[PDB]
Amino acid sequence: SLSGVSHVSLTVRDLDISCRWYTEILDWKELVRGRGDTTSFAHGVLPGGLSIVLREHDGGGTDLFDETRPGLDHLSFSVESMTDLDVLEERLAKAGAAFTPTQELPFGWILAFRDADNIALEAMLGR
């Protein structure tokens, strides 16, 4: 049957800028780079093994991510301990990224942040 996620492909405004951001913030490791007919991409993997492909589409506007547009509302990553969240907050702050400090909720702790294109991301330590 269906097991899980093979990989998530995210559209970014500037490949290079996003590659650096994901590398610095989430330890994303670029494996290969490439060029499509109307796009440029970078396939990378996060600690834990999750595959994340960043894709820049030709002649894209300046337009940022918008939760109200069909597609991604937000992507939530699972972490192993509170330390992971502390480290993320430290990296986010140092990069001057937008983020709301870890909040404790009924089902766990959530750290909500935004990438270089305002894409809504979260890191959660579940109970």
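Numbers for residues come from their place in the sequence shown, where the first is 1.
J.: Which of the two stretches, 71-79 or 52-60, shows the higher mean Cα temperature factor in the record?
T.: Here the higher of the two C-alpha B-factor means belongs to 52-60.
J.: Averaging the C-alpha B factors as listed in the entry, name the stretch that ends up higher: 18-26 or 100-108.
T.: Mean B over CA atoms: larger for 100-108.
J.: Among all modelled residues of this chain, ranked by Cα B factor, put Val45 in the bottom, middle or top third, i.e. lowest, middle or highest.
T.: Tercile = lowest for this residue's CA B-factor.
J.: Using the B-factors in the PDB entry, rank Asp66's C-alpha atom against the chain and give the third, lowest, middle or highest.
T.: It belongs to the lowest third of the chain when residues are ordered by C-alpha B-factor.
J.: Within this chain's modelled residues, let me know which third the CA B factor of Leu92 belongs to: lowest, middle or highest.
T.: It belongs to the lowest third of the chain when residues are ordered by C-alpha B-factor.
J.: Where does the C-alpha B-factor of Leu2 rank in its chain, lowest, middle or highest third?
T.: CA B-factor rank for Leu2: highest third.
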